[PDB]
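Sequence first, structure after, both from an experimental entry:
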Amino acid sequence: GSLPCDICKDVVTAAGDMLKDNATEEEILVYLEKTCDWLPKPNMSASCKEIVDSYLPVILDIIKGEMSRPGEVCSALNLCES
Ligand SMILES: [Ca+2]
């Protein structure tokens, strides 16, 4: 998906790191949404926030299982080429 794929992978990486830091699921949601502001253009930051809102909760459920790396997780969600 290019951008949606790139964003998905950054999200999965960040979520995993925060979970290890004992962050709550809401703190992760709040933080990734704010990190989306690092994307240089308003439209890109906006699409990043929608991906975070739409996928972070399911990503948290997925990574509690056997699959936890960005590539494998984002390919499963079909945000990155299978
Ligand atoms: Ca900024």
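Yep, it's here. Numbering: from 1, shown residues only.

and the most centrally placed residue in the chain, what does it touch?
Closest to where the C-alpha atoms of the chain average out (C-alpha atoms, centre = their mean) is residue 11, at 2.4 Å. For residue 11, the contacting residues are 32, 51-52, 55-56, 59, by C-beta atoms under 8 Å, 6 or more residues apart in numbering. To be clear about C-beta, it is placed using only N, CA and C from the backbone, and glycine gets the same treatment.

Buried ones only from those, please, as a PyMOL command.
Typed into PyMOL, the line below selects the buried ones among the contacts of residue 11, using 16 or more other C-beta atoms under 10 Å:
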select buried, resi 32+51+52+55+56+59
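
okay, the contacts of residue 11 in CSV with secondary structure and distance to residue 7 next?
Below are the contacts of residue 11 laid out as CSV (DSSP: H, G, I helix; E, B strand; the rest coil; distance: C-beta to C-beta, whole Å):
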residue, secondary structure, distance to residue 7
32, helix, 10
51, helix, 5
52, helix, 8
55, helix, 9
56, helix, 11
59, helix, 11
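
how about TSV for the contacts of residue 11, with distance to residue 41 added?
Below are those laid out as TSV (distance: C-beta to C-beta, whole Å):
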residue	distance to residue 41
32	18
51	15
52	16
55	21
56	21
59	24
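
out of the contacts of residue 11, who's nearest residue 65?
Nearest to residue 65 among the contacts of residue 11 is residue 59, at 11.1 Å by C-beta to C-beta.

Fine, thanks again, bye for now.
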